[PDB]
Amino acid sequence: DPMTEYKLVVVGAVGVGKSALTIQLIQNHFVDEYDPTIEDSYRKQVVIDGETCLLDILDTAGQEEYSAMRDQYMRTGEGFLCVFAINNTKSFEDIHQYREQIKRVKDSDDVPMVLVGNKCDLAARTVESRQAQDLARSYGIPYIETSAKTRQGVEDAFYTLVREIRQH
């Protein structure tokens, strides 16, 4: 009864860390290998600020051959984590596409979203923070840098998205 359910969706490219970020959040261990996820849904009960929250999370597939049914995954979720790798310029350029697909399927200029720059444990980043900052400023959403291996800002990213939903 005093528990709220948040349906979260993680979208992005193929090799960014949609699964590593989610798996690090749930089981607190980073998957060094790479098994591309088709579709996965997880649930976790956490305490954000004051309330107890049940979080339904959807790990979509970045590959467009399986992202043909992307309208279905978007049509149900109430919040979206848009993930790019800071060593993948293409994944960052593809964020524009996803936001349009989200803003289309939900028919709104304001949707609870958070821009996440993943793989911030590496050096020689092809995408600077200031770039990803300006994009999030254009969308009106916050930007948080994460590292699934380091667990840096991984909690901050997800919890900020829930706050973005809860503060809608």
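Start at 1 with the first residue shown and count on from there.
- Look at the mean CA B-factor for 127-135 and for 99-107 in the entry; the higher one is 99-107.
- Stretches 2-10 and 159-167 differ in mean CA B factor, with 2-10 having the higher one.
- For the set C120, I141, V116, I38, the PDB entry puts the maximum C-alpha B factor at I38.
- For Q45, the recorded CA B-factor ranks within the highest third of the chain. Only modelled residues enter the ranking.
- Among all modelled residues in its chain, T60 ranks in the highest third by Cα B-factor.
- Per-chain ranking of the deposited C-alpha B factor places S67 in the highest third.
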